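I have placed the structure first, in the form of structure tokens, so that the comments after it can refer back to it.
Quick note: the coordinates plus some simple rules give every number you see, no bench work behind them. Positions of Cβ are backbone-derived with ideal geometry, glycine not excepted, and every protein chain shown enters the neighbour counts.
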Amino acid sequence: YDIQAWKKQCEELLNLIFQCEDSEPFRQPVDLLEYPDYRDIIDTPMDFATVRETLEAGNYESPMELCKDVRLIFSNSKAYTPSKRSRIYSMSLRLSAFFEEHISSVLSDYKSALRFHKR
Ligand SMILES: O=C(O)c1ccc(Cl)c(Cl)c1
């Protein structure tokens, strides 16, 4: 019932994501020189370094907020992809499945801890 445990759990999960080859296109903001029309389609860029920095700055209040920003990385890749078969989009799908598989217990434990706190 540790209400703060999610933060280190998210740091460790981000470490695993940064080790995944599939995260390379998503570690830093999308390069506008390589994809000049990016901001015409994507309103809110997001990347894993921004997520990690936000977490480390103490600017997430809950793992739900972190999860919303990670999911935005994946929805931006889906919105920008020219094809559902593209290389970068396929990497995003594998990374999303890995992230969802690991974030589920983090969210469950946090929500359970809050409910215990307010019992
Ligand atoms: O060229 C592509 O397939 C491509 C380039 C950049 C992104 Cl973010 C995505 Cl999802 C796809």
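Given the criteria hydroxyl-bearing (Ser, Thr, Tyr), free of Cβ contacts under 8 Å to residues at least 24 places away in the same chain and buried (at least 16 other Cβ atoms within 10 Å of the Cβ), does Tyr89 qualify? Answer is yes for this residue. In the set (1) more than 13 Å from the chain's Cα centre (by Cα); (2) over 21 Å from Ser90 (Cα atoms); (3) more than 16 Å from the ligand (Cβ to nearest atom); (4) not acidic (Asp, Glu), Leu33 fails one condition alone, (3).
Listed conditions (1) surrounded by fewer than 12 Cβ atoms within 10 Å (Cβ to Cβ); (2) under 15 Å from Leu14 (Cβ atoms); (3) not basic (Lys, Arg) are all met by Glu61, apart from (2). If you check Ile103 against the conditions, is it more than 17 Å from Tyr38 (Cα to Cα) and β-branched (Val, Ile, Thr)? Against the criterion (more than 17 Å from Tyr38 (Cα to Cα) and β-branched (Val, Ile, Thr)), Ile103 qualifies. In region 50-82, the qualifying residues are those that are among the aromatic types (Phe, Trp, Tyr) and within 16 Å of the ligand (Cβ to nearest atom), and the one that is nearest to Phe18 (Cα to Cα) is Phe74. Listed by position, the helices (runs of 4 or more DSSP H) contained in region 10-119 that have at least 3 residues being touching a helix residue (DSSP H, G or I) at 6+ places or on another chain (Cβ under 6 Å) are 48-56, 63-80, 87-117. Filtering region 84-101 to residues that are more than 8 Å from the ligand (Cβ to nearest atom) and among the charged types (D, E, K, R) leaves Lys84, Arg85, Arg94, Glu100, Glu101.
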